[PDB]
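Consider the single chain below, provided in structure tokens and representing the form deposited in one PDB entry.
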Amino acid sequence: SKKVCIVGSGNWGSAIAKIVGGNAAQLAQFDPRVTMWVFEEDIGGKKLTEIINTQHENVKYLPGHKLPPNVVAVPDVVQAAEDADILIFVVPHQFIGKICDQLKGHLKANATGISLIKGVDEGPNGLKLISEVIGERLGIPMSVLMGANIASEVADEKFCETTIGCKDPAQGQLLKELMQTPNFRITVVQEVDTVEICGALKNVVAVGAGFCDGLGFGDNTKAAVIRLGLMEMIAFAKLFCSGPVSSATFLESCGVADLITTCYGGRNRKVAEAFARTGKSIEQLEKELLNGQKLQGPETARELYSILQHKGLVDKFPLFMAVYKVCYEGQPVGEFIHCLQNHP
């Protein structure tokens, strides 16, 4: 039976722990002992790992939810992963570099991985998919899980779906059995890069959606911004992804559904509304409303402008490039509409 290690214990990692723990305790093909690597913290005199292993509640990152008793918190990441056939990577992108340094050399020979990390790394073609970063560093085949999946709602067992991107078909099916429940439904698609690139690009669209909200517009306008954005994400994937790219993938939960949710609510939408209404800078708004964190939407747009410059294709992505110019070239946020309005 296959052993599972959840690498990460935050909001989403704990929500995922509820699903994986519950399936591993019921399904014969998985070992019921699911390890979860927990970055140790002092929670009013008690180690967070001890809290998880005695109270079965991540009181800091998923308070109010019982974790399945078979999920074991492990404060050392090598000890968490050394024995696992399946590694679920679910940490903030900032920390995956360090985690992978500690793990290289210490994994089982046929270990496989699935990344839940939404975002994008750096490399030769400008961007590099995070799952390729992990896989190359650690030498393991990689899958991805991406969808319209807010962690608090998943923890509450409110119905939702998600996309598993996995090249190997038996692996995709194995991962579906691990993570699917009556209220967390899974589609397995044999693409990885197309599933994964939506998670980065959607935040660029969501900044533009926020500008439109900040300008007084409503649902019809947001719907056009999502529609044109989706078209630019499809075209961009076809330019950027190594392999074949079909439009249909973008209608999976990783594409259109996660795009809809992010454009109706989220950090990128909220800050971009504030930017359009208060004229304050993104850096200022990050400090005043995100406690100094980098908003990924504007940063990805700037990265897209560099790629398109390398390819000679800036003029074919007006919505992406309008987000870029409003965030970083001082274009007035009213001209963002002028671009929706003189589009093709």
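When you see a residue number, it is the position in the sequence shown, counting from 1. Think of the rigid core as the biggest set of C-alphas that the two forms share within 1.5 Å after superposition.
**Q** Determine, among the other compared PDB entries that model residues flanking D156, whether at least a third leave it unmodelled.
**A** Counting only entries that model residues on both sides, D156 is resolved in every one of them.
**Q** Note whether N125 lacks coordinates in a third or more of the other compared entries that model its flanking residues.
**A** Across the compared entries, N125 is left out in at least a third.
**Q** Mean C-alpha B factor from the entry: is it higher for 284 to 292 or for 54 to 62?
**A** For C-alpha atoms only, the mean B-factor is higher in 284 to 292.
**Q** Got a sec? Mean C-alpha B-factor, which is higher, 213 to 221 or 254 to 262?
**A** Here the higher of the two C-alpha B-factor means belongs to 213 to 221.
**Q** Kindly indicate the residue among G165, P75, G147, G119 with the greatest C-alpha B-factor in the PDB record.
**A** Highest C-alpha B-factor among the listed residues goes to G119.
**Q** Which is it among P141, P182, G229, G243: the one with the largest CA B-factor in the entry?
**A** If I rank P141, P182, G229, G243 by C-alpha B-factor, first place goes to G243.
**Q** Pull the Cα B-factor of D101 out of the PDB entry and bin it into the chain's lowest, middle or highest third.
**A** According to the entry, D101 has a C-alpha B-factor in the chain's highest third.
**Q** Give the position of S9 by CA B-factor within its chain, expressed as the lowest, middle or highest third.
**A** Middle third, going by the recorded CA B-factors of the chain.
**Q** Should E177 be placed in the lowest, middle or highest third of its chain by the C-alpha B factor in the entry?
**A** For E177, whose C-alpha B-factor we compare with every modelled residue in the chain, the answer is the middle third.
**Q** When the modelled residues of the chain are sorted by Cα temperature factor, does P318 land in the lowest, middle or highest third?
**A** For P318, whose C-alpha B-factor we compare with every modelled residue in the chain, the answer is the middle third.
**Q** Which third, lowest, middle or highest, does the C-alpha temperature factor of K311 belong to within its own chain?
**A** Within its chain, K311 is a lowest-third residue by C-alpha B-factor, going by the deposited values.
Omitted from view is the form deposited in another entry, to which the following refers.
**Q** Could you check whether the CA atom of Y61 moves 2 Å or more between the shown form and the other one, using the rigid core for the fit?
**A** No.
**Q** Superposing on the rigid core, I want to see if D213 changes position between the shown form and the other one - specifically a Cα shift of 2 Å or more.
**A** Yes; that C-alpha moves by at least 2 Å between the shown form and the other one.
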